[PDB]
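Student: Pasting a structure below so you can have a look.
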Amino acid sequence: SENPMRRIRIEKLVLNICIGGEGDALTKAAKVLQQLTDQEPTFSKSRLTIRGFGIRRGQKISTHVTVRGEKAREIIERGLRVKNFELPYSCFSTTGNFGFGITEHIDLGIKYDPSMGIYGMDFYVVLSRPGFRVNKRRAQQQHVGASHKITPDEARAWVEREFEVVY
Amino acid sequence: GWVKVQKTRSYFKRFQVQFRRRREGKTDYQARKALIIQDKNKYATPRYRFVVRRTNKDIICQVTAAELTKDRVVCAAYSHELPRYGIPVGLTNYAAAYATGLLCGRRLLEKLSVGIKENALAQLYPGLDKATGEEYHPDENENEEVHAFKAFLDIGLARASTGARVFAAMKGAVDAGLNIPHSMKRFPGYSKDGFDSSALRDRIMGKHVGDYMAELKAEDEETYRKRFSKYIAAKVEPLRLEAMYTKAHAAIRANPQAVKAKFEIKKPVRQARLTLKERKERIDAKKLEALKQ
Amino acid sequence: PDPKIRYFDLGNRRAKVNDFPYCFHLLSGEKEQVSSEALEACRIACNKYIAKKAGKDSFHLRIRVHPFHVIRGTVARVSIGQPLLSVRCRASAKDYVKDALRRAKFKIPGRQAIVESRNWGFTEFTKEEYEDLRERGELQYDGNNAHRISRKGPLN
Amino acid sequence: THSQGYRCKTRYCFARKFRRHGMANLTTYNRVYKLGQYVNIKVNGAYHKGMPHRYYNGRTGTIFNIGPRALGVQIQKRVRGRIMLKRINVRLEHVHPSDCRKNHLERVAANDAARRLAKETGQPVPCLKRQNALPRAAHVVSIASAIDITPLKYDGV
Amino acid sequence: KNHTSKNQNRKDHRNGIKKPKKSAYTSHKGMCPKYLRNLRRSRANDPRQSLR
Amino acid sequence: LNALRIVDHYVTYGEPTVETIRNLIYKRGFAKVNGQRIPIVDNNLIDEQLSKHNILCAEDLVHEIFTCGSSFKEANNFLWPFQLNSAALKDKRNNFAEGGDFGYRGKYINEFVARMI
RNA sequence: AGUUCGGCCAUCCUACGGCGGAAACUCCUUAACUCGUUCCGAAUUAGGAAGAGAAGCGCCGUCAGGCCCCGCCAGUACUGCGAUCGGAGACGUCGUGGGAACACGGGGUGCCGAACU
RNA sequence: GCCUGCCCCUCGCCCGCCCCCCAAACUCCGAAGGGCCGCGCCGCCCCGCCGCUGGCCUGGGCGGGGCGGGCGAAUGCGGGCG
RNA sequence: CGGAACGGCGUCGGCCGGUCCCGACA
RNA sequence: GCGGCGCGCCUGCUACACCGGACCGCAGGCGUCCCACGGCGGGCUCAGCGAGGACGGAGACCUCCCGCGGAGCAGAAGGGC
C-alpha cells in the first residue's frame with residue numbers, strides 16, 4: 001500500500017568476523033569493528049570443539065556488532081561499493097532479509113595499520129517496517145501479519161531503489 | 001527442500017493452549033498467584049492489589065480484590081482525569097503518575113470514610129500535606145483501633161527500575177495514606193548510603209521535562225515546537241510545571257470524588273454471520289467457478 | 001531369530017485397482033499361534049501353484065498375518081475369522097486360487113476357511129459398490145486401493 | 001513388587017491429563033475452605049510439596065485443621081480389620097471441594113420449602129421421602145402402529 | 001507358601017471393620033497451635049469459663 | 001429387586017395370588033412376638049401387635065400383603081419367615097427361563113408353593 | 001464500542017484472505033534526564049504527540065486443520081454372575097446384569113463479572 | 001545420448017498420500033468391575049467471648065437465648081468397650 | 001469306548017449353484 | 001554344592017483400572033556427585049526446521065522467521081516443568 005507504515009527500513013546490520021584459534025586476530029578484529037561501527041563489538045564463543053578448524057568449546061571464535069539507524073545505512077553502502085552495487089538474486093532470504101560478505105577491511109575504506117592484520121567481515125541486513133515491534137515486545141506479544149511481513153520480492157525492489165543494486 | 005509442515009494435524013491435536021490472558025500476554029500468573037494468595041486461616045478477608053498499568057496515553061491506577069470468578073475494582077483513578085485538577089499535558093509523565101496515585105488513594109480513603117464520621121479512615125490517615133521525596137510509612141504509627149488500608153503493588157509485565165513510573169504512583173498512594181510496602185531502592189534518590197529527598201522531589205515536581213523544555217527551546221526552537229507542541233498549545237510555561245503540580249496535588253486532596261463523566265457509545269454493526277444455507281450456497285458457487293476455467 | 005517369512009506381498013504387487021476383480025481370503029477357524037516357518041511354507045506353496053497354473057502377473061498375494069510374538073524364533077498370534085492369507089486375481093487365475101489356498105491350508109495349523117470376497121480386490125467397497133462408484137466417477141483411485149473422492153478439505 | 005518407594009506405580013495416577021499439563025488455575029488458591037467441609041483428594045503431578053500418597057488419591061475427608069498453606073484432612077483408611085482416621089496435611093493443589101453431601105443439603109432445603117409452600121396453599125403435605133423407583137402403573141399403549149419383528153437369517157458365512 | 005492373602009479378608013470381617021471411635025474426629029492433635037490457644041482464650045470467659 | 005438378582009441362583013420368586021397368601025397366612029403363619037415364633041391361630045394376636053397399623057384381623061393381613069399397602073413393612077415383619085415342605089425342583093442349577101427352577105417363576109410361584117404349604 | 005483487572009481455560013486455537021476504528025487501545029516519534037542493552041533505546045527506562053490502521057487488535061469468510069457437540073457405530077467388542085451347557089481342546093454358547101472404542105455422518109466455533117470513558 | 005555437459009533417463013533419498021500386521025515395560029479414548037464419602041436436623045433473629053484474622057463497625061471459631069417447621073431411601077437387625 | 005489333523009458312494013438331515021419333457025447329432 | 005543375591009534401598013513392568021498381591025520372573029539403578037549443580041529476584045527461550053550471510057565446506061559463526069517442548073534439569077527409570 002502507499003501507507004506510510006508500509007515503508008521498509010533497515011532495522012539492523014550485523015557485522016560478524018569469525019577467525020578461529022589464532023586468539024590475537026580476534027582481539028584485533030574487534031578493534032576494527034569498534035572503529036567501523038563506532039560501538040563496542042561482543043564475542044561469540046564456540047558451541048562445539050572441532051579439531052579441523054582448531055575450534056575449542058568456549059574459544060571466543062567470533063566478534064560481532066549490531067549497527068542500527070543512520071550508521072547502518074552508511075556501512076552497508078560502503079560495503080556495497082566493494083560489491084560494485086551487484087548482489088545475487090538468491091542472496092535474499094524468504095523472510096526478506098538479505099546479506100553479503102567482503103574480504104579485506106581496507107576495501108571498505110578503513111585505513112591500514114600494520115599491528116592489526118586485514119580481516120574480512122559478513123554483512124547481514126534485516127529489513128523491517130514500523131509495526132513489527134508486536135513480535136519483540138515483552139507485553140502483548142503476537143506475530144506480525146503476513147501482509148505486513150516483508151516479502152523476498154518486495155525486498156529486492158526496496159534495495160534496487162535505495163542502492164541501485166542490480167541482481 | 002521437500003520437508004513436512006512443522007504444524008502437523010498431530011501438532012494441533014496435542015497442542016495445549018495457554019491461559020486466555022497469558023496467550024494475550026496481558027498477565028503473569030506466577031506473579032498473580034503470590035499477589036493474590038492469602039493465608040487460609042484468614043478465609044475471605046479481602047486482599048487488595050494496587051495495580052498500576054501504563055497505556056501510551058494515560059496511567060491507569062486501580063485497587064482490586066480477587067473474587068473466585070471475577071476481580072472487584074474498589075476504586076480506580078485515571079491520568080486522563082488530571083486536566084480537571086489542572087494538569088493539561090504530560091499525563092504519562094512521572095509527576096502525573098504520582099498525582100494519579102494520590103488520586104486513587106484519596107478517592108478510596110474518602111469512600112471508606114464517607115459515612116463513618118467517628119474514626120474516618122481519611123481523618124485518621126491524612127497523608128503528607130506537601131509532595132516531598134521524604135519516605136513516608138503510614139503503618140509506622142497507627143491508630144491501633146483502625147489501621148492504614150493495605151494493598152500490594154502489582155506492576156504486571158513492567159521492569160522494576162530506579163525512576164520507573166509504576167513506583168511513582170505507589171508513592172502517591174503512600175502519600176495519600178494507603179500503606180503500600182516499599183524499600184525506596186527503585187526511587188530517584190536512593191544511593192546505598194542514604195536517600196536524597198531532593199532528587200525524588202524534583203521528579204514529583206516535573207523538573208526533568210521542564211529542564212529539557214528550557215534546554216531544547218534554546219538549542220533548537222523548531223524541535224521544541226515538534227516535541228512539545230501540546231504544551232505550547234496548552235499555554236503551559238516550563239518553569240510553571242512545579243506550581244501547576246503542587247496546585248493539582250491540593251486539588252486532588254480537596255475533592256477526590258469522581259466527576260463520573262458519561263459519553264456516547266458508537267458501535268459498528270459489522271458483517272452479519274453467514275447462515276448455514278448461505279455457506280452451502282457459497283460452496284455451490286465455488287464449485288461452479290472452478291468447473292469453468 | 002529372524003522370521004523365515006520376510007516377504008508379505010507376492011505376485012503382482014504393483015497391479016492396478018480394476019486390474020484384479022475377484023479376491024479370495026484364507027481365514028483362521030481356530031484361535032492359535034502360527035509359526036513363521038508355517039507362514040513361509042504356506043507362502044511358498046500358494047504363490048508357486050498359482051504362478052505355475054497362471055502367471056505371476058495374474059494374481060496379487062498378501063500374507064495378512066505377520067509373526068511378531070518372540071517365543072521364549074517367532075510366532076504369529078491369530079484369532080477366529082482373522083485372515084491368514086489373501087489373494088486378489090483376474091478371471092484367468094480365479095479357478096486356480098481356490099485350489100492353491102487348499103494346498104496352503106495343509107501347512108497352516110488348525111481349522112482354516114476359504115471364502116470368496118464380496119469386496120472388490122483388496123478395496124473395502126463390495127464389487128457392486130465399486131461398480132456404482134466407478135460409474136459416478138466418485139471412486140478416485142490411489143495406487144492399488146480405491147477410495148471416495150470425499151467432500152472434505154479445501155474445495156480449491 | 002520388590003521396591004516400595006513413596007511414588008511407586010504412580011506413572012498414571014500422578015500424571016496430568018492430556019491437555020491439562022501446566023500451572024494450577026488460581027481458583028484452587030481462591031476457594032474458601034471451612035472446618036468440617038468434605039474435600040476430595042486428587043494429586044496434581046506438577047506440585048511436589050504437600051503431595052499426599054497414592055492411597056489418599058480418590059479419598060474424601062473432612063478438614064480437621066486449616067493452616068497457612070496446607071489444610072489438614074482426616075480420611076478413614078481400612079487397615080486390616082479396623083478403619084483408622086488418618087490425618088494428613090495436603091497443599092491446596094491436591095485438595096478439591098467435594099459435592100458429596102450437596103444432594104442432602106439440597107434435599108433438606110427442598111423438603112422445608114415444600115412444607116411452607118403447603119402451609120400457604122395446596123395444604124396437604126407433600127411426601128418428603130425418597131421412593132426407590134417403585135413398580136410402573138397399569139397405563140394403556142396404542143398397538144395400532146405395532147410392527148411385526150422377526151429373527152433375521154445368518155449371513156456371516 | 002512364601003505369601004498368601006487367602007482367608008485374610010474372612011478374618012478381617014469376622015468381628016472387624018471397626019469404626020475409628022469418637023474423640024478421634026474431634027481430637028486437637030495436628031491442629032494449628034495458634035488456633036488452639038485462641039480456642040482456650042475464648043472458652044475461658046463467662047458460661048464457657050470453668051475456673052472459680 | 002436389584003439385590004434379589006444378585007441372589008437369584010439361591011432363590012425362586014413370583015407374584016403371589018390372594019389364595020396363596022391366605023393359605024400361607026392361615027396354614028403356615030407364625031408371629032414374631034418378643035422374638036418368639038408364636039402361632040397365628042386367632043385374630044387376637046394380629047390385633048395385639050398390629051392395631052396401631054389398623055391390621056386388626058387376618059383378612060386385613062392377607063390384604064395388606066397383597067396390595068403392598070402403607071403398613072406392609074410392619075405386617076411382613078410381624079410374620080416369622082414361612083417354613084415349608086421340600087420343593088419338587090426340576091433343576092436347581094438353571095433359571096426357570098432356561099427350564100430350571102431358580103429366578104423368576106412369575107405366576108408359577110403360586111403352583112410351586114402350593115405343594116410346599 | 002473500547003479499555004484495565006479477572007474467572008474457566010481452544011466452540012477461545014492455527015493458517016490464510018477480507019473488513020473496520022469516533023473514542024479507546026495500539027503502532028508510532030525522540031533520547032535532556034532516570035534507567036537499560038554478552039554489542040545495539042530491537043527490547044527495555046524515560047520524554048513525547050508529527051503521522052497511521054499497514055500490522056497487533058475487534059468483525060466476517062474459508063466443501064480449511066484442530067477443538068467442541070450429537071447421532072451412528074453397536075447391544076458390537078469386552079465383561080459381572082449362574083450353568084452335570086456344547087467342545088478332545090481353546091474357544092464359543094445360553095440364562096441373567098452392565099456396556100465401549102476407532103471410523104463415519106451431521107452440525108457448531110467462547111462466554112462470564114467488577115470498574116472506567 | 002557426451003568439445004564437454006547434470007543434453008536426458010532409471011531407481012534411491014526425500015516430502016505427500018494410501019496401506020498390511022502390531023506392543024508387559026505405547027496410549028489420543030475407554031468398559032465391566034471395584035474403591036472413598038454422604039443420605040437429618042434445618043431456616044431465621046439476637047447476644048456473649050477470643051494475646052486469633054482484617055482498612056473497618058472484618059472474619060473465623062467457640063458458646064448462650066429465642067422463634068418457626070421437624071423425623072424426611074429400601075430391607076434386615078440392639079449396639080459399643082475392656 | 002481319552003483323542004488329533006486328515007480320509008469315507010456308511011446312514012440320515014440341510015445349504016448353495018445348476019441343468020429335466022429345447023427327453024435331462026440321431 | 002558351584003555360583004549369583006528380591007541379603008538394605010529405588011523406577012518402569014509382569015500385576016488382573018481403589019488399596020494389597022509371589023517369582024534364583026523382566027529391563028535397569030543406589031552406597032555417589034555439587035558452596036554450586038544451593039537460596040532468591042530479574043531478564044530470557046530451548047532442541048531444532050526452513051531460507052539466507054568473505055574465508056567456511058556435512059560441520060563452527062552471525063541472521064531473521066516459525067517454533068507444546070520434539071531441549072535442558074549430576075547419575076536408573078517413570079512422572080513433572
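Here, A, B, ... name the chains of the C-alpha cells in the order displayed, residue numbers run from 1 inside each chain, and ligands are numbered from 1 in the same displayed order.
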Within 10 Å of region 3-10 of chain D, which residues of chain J show up? Give each one with its shortest atom-to-atom distance in Å (one decimal) and the two atoms involved, counting only C-alpha atoms (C1' of nucleotides), rows by chain then rising residue number, as a tab-separated table.
Tutor:
residue	atom	partner	partner_atom	distance
J:6	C1'	D:3	CA	8.7
J:9	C1'	D:3	CA	7.9
J:10	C1'	D:3	CA	6.3
J:11	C1'	D:8	CA	7.5
J:12	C1'	D:9	CA	8.4
J:13	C1'	D:9	CA	9.6
J:78	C1'	D:10	CA	8.2
J:79	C1'	D:10	CA	7.3
Student: So which bits of chain C end up helix (DSSP H, G or I) when you DSSP the backbone, as JSON, numbers by chain?
Tutor: {"C": [36, 37, 38, 39, 40, 41, 42, 43, 44, 45, 46, 47, 48, 49, 50, 51, 52, 53, 91, 92, 93, 94, 95, 96, 97, 98, 99, 100, 101, 102, 103, 104, 127, 128, 129, 130, 131, 132, 133, 134, 135, 136]}
Student: So that I have them on file, write out the residues from the current selection with N, CA and C atoms, as a CSV table (one decimal), in the first residue's frame.
Tutor:
chain,number,residue,atom,x,y,z
C,36,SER,N,6.4,-68.8,12.2
C,36,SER,CA,6.9,-68.1,11.0
C,36,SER,C,7.3,-69.2,9.9
C,37,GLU,N,7.8,-70.3,10.4
C,37,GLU,CA,8.1,-71.4,9.4
C,37,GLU,C,6.8,-71.9,8.7
C,38,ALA,N,5.7,-71.9,9.4
C,38,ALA,CA,4.4,-72.3,8.8
C,38,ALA,C,3.9,-71.3,7.8
C,39,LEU,N,4.2,-70.0,8.1
C,39,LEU,CA,3.7,-68.9,7.1
C,39,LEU,C,4.7,-68.9,5.9
C,40,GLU,N,5.9,-69.4,6.1
C,40,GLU,CA,6.9,-69.3,5.0
C,40,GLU,C,6.6,-70.5,4.1
C,41,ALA,N,6.1,-71.6,4.7
C,41,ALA,CA,5.9,-72.8,3.8
C,41,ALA,C,4.6,-72.7,3.1
C,42,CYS,N,3.5,-72.2,3.8
C,42,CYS,CA,2.2,-71.9,3.1
C,42,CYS,C,2.5,-70.9,2.0
C,43,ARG,N,3.3,-69.8,2.2
C,43,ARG,CA,3.5,-68.7,1.3
C,43,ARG,C,4.3,-69.2,0.1
C,44,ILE,N,5.2,-70.3,0.2
C,44,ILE,CA,5.9,-70.8,-0.9
C,44,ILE,C,4.9,-71.6,-1.8
C,45,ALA,N,4.0,-72.5,-1.1
C,45,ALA,CA,3.1,-73.3,-1.9
C,45,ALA,C,2.1,-72.6,-2.7
C,46,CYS,N,1.3,-71.7,-2.0
C,46,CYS,CA,0.2,-71.0,-2.8
C,46,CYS,C,0.8,-70.1,-3.9
C,47,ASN,N,1.9,-69.4,-3.6
C,47,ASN,CA,2.5,-68.5,-4.7
C,47,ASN,C,2.9,-69.3,-5.8
C,48,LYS,N,3.6,-70.5,-5.6
C,48,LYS,CA,4.1,-71.3,-6.7
C,48,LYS,C,2.9,-71.9,-7.5
C,49,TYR,N,1.9,-72.5,-6.8
C,49,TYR,CA,0.8,-73.1,-7.6
C,49,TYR,C,0.1,-72.1,-8.5
C,50,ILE,N,-0.3,-71.0,-8.1
C,50,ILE,CA,-1.0,-70.0,-9.0
C,50,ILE,C,0.0,-69.6,-10.0
C,51,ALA,N,1.2,-69.3,-9.7
C,51,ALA,CA,2.2,-68.8,-10.6
C,51,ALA,C,2.5,-69.8,-11.7
C,52,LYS,N,2.5,-71.1,-11.3
C,52,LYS,CA,2.6,-72.2,-12.3
C,52,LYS,C,1.4,-72.3,-13.2
C,53,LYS,N,0.2,-72.4,-12.5
C,53,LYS,CA,-1.0,-72.7,-13.3
C,53,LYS,C,-1.4,-71.4,-14.2
C,91,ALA,N,-9.8,-63.1,-13.8
C,91,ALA,CA,-10.6,-64.3,-14.2
C,91,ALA,C,-9.6,-65.4,-14.6
C,92,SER,N,-8.5,-65.0,-15.3
C,92,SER,CA,-7.5,-66.0,-15.8
C,92,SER,C,-7.0,-66.9,-14.6
C,93,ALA,N,-7.0,-66.4,-13.4
C,93,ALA,CA,-6.5,-67.1,-12.2
C,93,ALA,C,-7.6,-67.4,-11.2
C,94,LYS,N,-8.8,-67.1,-11.5
C,94,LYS,CA,-9.9,-67.3,-10.4
C,94,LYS,C,-9.9,-68.7,-10.0
C,95,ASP,N,-10.0,-69.7,-10.9
C,95,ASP,CA,-10.2,-71.1,-10.6
C,95,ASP,C,-9.0,-71.7,-9.9
C,96,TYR,N,-7.8,-71.3,-10.2
C,96,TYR,CA,-6.5,-71.9,-9.6
C,96,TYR,C,-6.4,-71.4,-8.2
C,97,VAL,N,-6.8,-70.2,-7.9
C,97,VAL,CA,-6.5,-69.7,-6.5
C,97,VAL,C,-7.2,-70.5,-5.4
C,98,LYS,N,-8.4,-71.0,-5.6
C,98,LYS,CA,-9.1,-71.7,-4.5
C,98,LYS,C,-8.4,-73.0,-4.2
C,99,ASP,N,-7.9,-73.7,-5.3
C,99,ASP,CA,-7.1,-75.0,-5.1
C,99,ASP,C,-5.7,-74.7,-4.5
C,100,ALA,N,-5.1,-73.5,-4.8
C,100,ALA,CA,-3.8,-73.2,-4.2
C,100,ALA,C,-4.0,-72.9,-2.7
C,101,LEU,N,-5.1,-72.2,-2.4
C,101,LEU,CA,-5.4,-71.9,-0.9
C,101,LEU,C,-5.5,-73.3,-0.2
C,102,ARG,N,-6.0,-74.3,-0.9
C,102,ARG,CA,-6.3,-75.6,-0.2
C,102,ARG,C,-4.9,-76.4,-0.1
C,103,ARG,N,-3.9,-75.8,-0.7
C,103,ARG,CA,-2.6,-76.5,-0.7
C,103,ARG,C,-1.7,-75.8,0.4
C,104,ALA,N,-2.2,-74.6,0.7
C,104,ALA,CA,-1.6,-73.7,1.7
C,104,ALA,C,-2.2,-74.1,3.1
C,127,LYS,N,-18.1,-55.5,-4.7
C,127,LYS,CA,-18.0,-55.4,-6.2
C,127,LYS,C,-19.1,-54.5,-6.7
C,128,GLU,N,-20.4,-54.7,-6.2
C,128,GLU,CA,-21.5,-53.9,-6.7
C,128,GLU,C,-21.2,-52.4,-6.3
C,129,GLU,N,-20.7,-52.1,-5.1
C,129,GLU,CA,-20.5,-50.8,-4.6
C,129,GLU,C,-19.3,-50.2,-5.4
C,130,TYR,N,-18.3,-50.9,-5.7
C,130,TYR,CA,-17.2,-50.5,-6.5
C,130,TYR,C,-17.7,-50.0,-7.9
C,131,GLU,N,-18.6,-50.9,-8.5
C,131,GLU,CA,-19.1,-50.5,-9.8
C,131,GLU,C,-19.9,-49.3,-9.8
C,132,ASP,N,-20.8,-49.1,-8.8
C,132,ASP,CA,-21.7,-47.9,-8.7
C,132,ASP,C,-20.9,-46.7,-8.6
C,133,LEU,N,-19.9,-46.7,-7.7
C,133,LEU,CA,-19.0,-45.5,-7.5
C,133,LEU,C,-18.2,-45.2,-8.8
C,134,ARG,N,-17.8,-46.3,-9.5
C,134,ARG,CA,-16.9,-46.1,-10.7
C,134,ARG,C,-17.7,-45.4,-11.8
C,135,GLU,N,-19.0,-45.7,-11.9
C,135,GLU,CA,-19.9,-45.1,-13.0
C,135,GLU,C,-20.0,-43.6,-12.7
C,136,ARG,N,-20.2,-43.3,-11.4
C,136,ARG,CA,-20.3,-41.8,-11.0
C,136,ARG,C,-19.0,-41.1,-11.2
Student: List the neighbours of residue 68 (chain H) out to 12 Å using only C-alpha atoms (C1' of nucleotides); skip same-chain residues closer than 3 positions along the sequence, and give me the result as a PyMOL selection string.
Tutor: (chain D and resi 112+115-116) or (chain H and resi 42-45)
Student: For region 8-23 of chain I, find every residue with an atom within 12 Å (counting only C-alpha atoms (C1' of nucleotides)), except residues of its own chain fewer than 4 positions away, and show them as a list in words.
Tutor: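 Surrounding residues, per the criterion: residues 154, 155 and 157 of chain D.
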Student: For each of B:74, B:160, B:149, B:35, take the minimum atom-to-atom distance to chain J, counting only C-alpha atoms (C1' of nucleotides), then give the residue where this is smallest.
Tutor: B:160
Student: Could you name the residues that touch region 30-40 of chain E at 6 Å or less, counting only C-alpha atoms (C1' of nucleotides), but leaving out those on the same chain fewer than 6 positions away, as a list in words?
Tutor: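 The neighbour list is residues 65 of chain D; 50 and 52 of chain H.
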Student: Mind listing as number ranges by chain which residues of chain E are within 6 Å of chain H, counting only C-alpha atoms (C1' of nucleotides)?
Tutor: E: 38, 41-42, 45
Student: I need the strand (DSSP E or B) residues of region 21-99 of chain D per DSSP on the backbone, written as number ranges by chain.
Tutor: D: 38-41, 59-66, 70-79, 82-91, 95-97
Student: Go ahead and write the residues just picked, N, CA and C atoms, as a short mmCIF file (atom, residue, chain, number, x, y, z; two decimals), in the first residue's frame.
Tutor:
data_model
loop_
_atom_site.label_atom_id
_atom_site.label_comp_id
_atom_site.auth_asym_id
_atom_site.auth_seq_id
_atom_site.Cartn_x
_atom_site.Cartn_y
_atom_site.Cartn_z
N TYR D 38 -16.39 -31.36 53.43
CA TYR D 38 -15.90 -32.59 52.77
C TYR D 38 -15.03 -32.20 51.56
N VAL D 39 -13.82 -32.75 51.48
CA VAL D 39 -12.89 -32.41 50.36
C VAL D 39 -12.37 -33.68 49.69
N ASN D 40 -12.51 -33.80 48.37
CA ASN D 40 -11.92 -34.94 47.62
C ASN D 40 -10.41 -34.70 47.51
N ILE D 41 -9.60 -35.75 47.57
CA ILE D 41 -8.13 -35.59 47.41
C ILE D 41 -7.72 -36.18 46.06
N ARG D 59 -9.79 -40.33 47.73
CA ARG D 59 -10.40 -40.43 49.08
C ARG D 59 -11.07 -39.09 49.44
N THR D 60 -12.16 -39.13 50.21
CA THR D 60 -12.90 -37.90 50.61
C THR D 60 -12.78 -37.75 52.12
N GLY D 61 -12.38 -36.57 52.60
CA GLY D 61 -12.18 -36.37 54.05
C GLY D 61 -12.74 -35.06 54.55
N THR D 62 -12.72 -34.86 55.87
CA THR D 62 -13.21 -33.60 56.47
C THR D 62 -11.99 -32.78 56.88
N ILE D 63 -12.08 -31.45 56.88
CA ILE D 63 -10.88 -30.62 57.17
C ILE D 63 -10.77 -30.45 58.69
N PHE D 64 -9.94 -31.26 59.34
CA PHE D 64 -9.72 -31.11 60.81
C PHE D 64 -8.99 -29.80 61.12
N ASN D 65 -7.99 -29.44 60.31
CA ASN D 65 -7.18 -28.23 60.60
C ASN D 65 -7.07 -27.37 59.34
N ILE D 66 -7.24 -26.06 59.46
CA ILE D 66 -6.97 -25.18 58.29
C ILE D 66 -5.69 -24.44 58.67
N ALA D 70 -1.27 -25.33 53.85
CA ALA D 70 -1.86 -26.68 53.69
C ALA D 70 -3.03 -26.91 54.64
N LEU D 71 -4.07 -27.61 54.17
CA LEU D 71 -5.25 -27.94 55.01
C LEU D 71 -5.08 -29.36 55.53
N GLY D 72 -5.27 -29.58 56.83
CA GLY D 72 -5.21 -30.95 57.37
C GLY D 72 -6.55 -31.64 57.18
N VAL D 73 -6.57 -32.81 56.53
CA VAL D 73 -7.86 -33.51 56.23
C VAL D 73 -7.79 -34.92 56.84
N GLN D 74 -8.90 -35.39 57.40
CA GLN D 74 -8.90 -36.71 58.08
C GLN D 74 -9.73 -37.70 57.25
N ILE D 75 -9.10 -38.76 56.75
CA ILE D 75 -9.81 -39.78 55.93
C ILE D 75 -9.92 -41.06 56.76
N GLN D 76 -10.78 -42.00 56.36
CA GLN D 76 -10.85 -43.31 57.05
C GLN D 76 -10.18 -44.38 56.19
N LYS D 77 -9.05 -44.94 56.65
CA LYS D 77 -8.30 -45.94 55.87
C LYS D 77 -8.47 -47.32 56.50
N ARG D 78 -8.99 -48.28 55.74
CA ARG D 78 -9.25 -49.61 56.33
C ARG D 78 -7.92 -50.35 56.44
N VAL D 79 -7.38 -50.45 57.65
CA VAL D 79 -6.12 -51.22 57.84
C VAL D 79 -6.54 -52.56 58.46
N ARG D 82 -9.73 -53.00 60.89
CA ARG D 82 -10.09 -51.74 61.59
C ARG D 82 -10.00 -50.58 60.62
N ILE D 83 -10.96 -49.66 60.65
CA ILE D 83 -10.79 -48.45 59.79
C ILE D 83 -10.14 -47.40 60.69
N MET D 84 -9.07 -46.76 60.22
CA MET D 84 -8.32 -45.81 61.08
C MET D 84 -8.47 -44.40 60.50
N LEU D 85 -8.64 -43.40 61.36
CA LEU D 85 -8.81 -41.99 60.91
C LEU D 85 -7.41 -41.44 60.65
N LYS D 86 -7.00 -41.36 59.38
CA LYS D 86 -5.62 -40.94 59.03
C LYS D 86 -5.61 -39.45 58.74
N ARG D 87 -5.04 -38.67 59.67
CA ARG D 87 -4.98 -37.20 59.50
C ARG D 87 -3.77 -36.86 58.64
N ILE D 88 -3.98 -36.19 57.50
CA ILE D 88 -2.86 -35.86 56.57
C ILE D 88 -2.92 -34.37 56.26
N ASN D 89 -1.77 -33.73 56.02
CA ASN D 89 -1.75 -32.30 55.63
C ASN D 89 -1.52 -32.25 54.12
N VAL D 90 -2.42 -31.61 53.37
CA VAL D 90 -2.32 -31.64 51.88
C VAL D 90 -2.37 -30.21 51.33
N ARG D 91 -1.42 -29.84 50.47
CA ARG D 91 -1.37 -28.45 49.93
C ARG D 91 -2.60 -28.23 49.05
N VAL D 95 -6.12 -30.69 47.00
CA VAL D 95 -7.42 -30.79 47.73
C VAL D 95 -8.51 -30.06 46.95
N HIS D 96 -9.56 -30.77 46.54
CA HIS D 96 -10.68 -30.15 45.79
C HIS D 96 -11.97 -30.30 46.59
N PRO D 97 -12.79 -29.24 46.78
CA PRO D 97 -14.06 -29.35 47.49
C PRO D 97 -14.97 -30.46 46.93
#
Student: Would you give me, as JSON lines, each residue of chain H having an atom within 9 Å of an atom of chain D, along with its shortest atom pair and that distance in Å to one decimal, using only C-alpha atoms (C1' of nucleotides) and sorting by chain and residue number?
Tutor:
{"residue": "H:28", "atom": "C1'", "partner": "D:18", "partner_atom": "CA", "distance": 8.0}
{"residue": "H:35", "atom": "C1'", "partner": "D:58", "partner_atom": "CA", "distance": 8.0}
{"residue": "H:36", "atom": "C1'", "partner": "D:59", "partner_atom": "CA", "distance": 4.6}
{"residue": "H:37", "atom": "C1'", "partner": "D:60", "partner_atom": "CA", "distance": 5.3}
{"residue": "H:38", "atom": "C1'", "partner": "D:101", "partner_atom": "CA", "distance": 4.6}
{"residue": "H:39", "atom": "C1'", "partner": "D:104", "partner_atom": "CA", "distance": 6.2}
{"residue": "H:40", "atom": "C1'", "partner": "D:108", "partner_atom": "CA", "distance": 7.7}
{"residue": "H:41", "atom": "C1'", "partner": "D:108", "partner_atom": "CA", "distance": 8.6}
{"residue": "H:42", "atom": "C1'", "partner": "D:108", "partner_atom": "CA", "distance": 6.8}
{"residue": "H:43", "atom": "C1'", "partner": "D:112", "partner_atom": "CA", "distance": 8.1}
{"residue": "H:60", "atom": "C1'", "partner": "D:34", "partner_atom": "CA", "distance": 8.6}
{"residue": "H:69", "atom": "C1'", "partner": "D:112", "partner_atom": "CA", "distance": 7.3}
{"residue": "H:70", "atom": "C1'", "partner": "D:112", "partner_atom": "CA", "distance": 8.8}
{"residue": "H:72", "atom": "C1'", "partner": "D:129", "partner_atom": "CA", "distance": 5.0}
{"residue": "H:73", "atom": "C1'", "partner": "D:130", "partner_atom": "CA", "distance": 4.9}
{"residue": "H:74", "atom": "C1'", "partner": "D:132", "partner_atom": "CA", "distance": 6.7}
Student: Using CA of residue 74 (chain F) and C1' of residue 79 (chain H) as the two end points, give the distance in Å to one decimal.
Tutor: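 Separating CA of residue 74 (chain F) from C1' of residue 79 (chain H) is a distance of 22.5 Å.
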Student: Which residues of chain G come within 10 Å of chain C, and what is each one's closest atom pair and distance in Å (one decimal), counting only C-alpha atoms (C1' of nucleotides), sorted by chain and residue number, as CSV?
Tutor:
residue,atom,partner,partner_atom,distance
G:62,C1',C:154,CA,7.7
G:63,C1',C:155,CA,5.0
G:64,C1',C:154,CA,5.3
G:65,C1',C:153,CA,8.6
G:90,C1',C:31,CA,6.9
G:91,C1',C:31,CA,7.2
Student: Counting only C-alpha atoms (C1' of nucleotides), give me one row per residue of chain F with an atom at most 12 Å from an atom of chain H, showing the shortest contact pair and its distance in Å to one decimal, sorted by chain then residue number, as CSV.
Tutor:
residue,atom,partner,partner_atom,distance
F:1,CA,H:74,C1',10.1
F:2,CA,H:74,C1',10.9
F:3,CA,H:75,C1',9.9
F:4,CA,H:75,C1',11.3
F:35,CA,H:77,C1',11.6
F:73,CA,H:75,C1',9.1
F:74,CA,H:75,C1',11.9
F:76,CA,H:75,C1',11.2
F:77,CA,H:76,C1',9.5
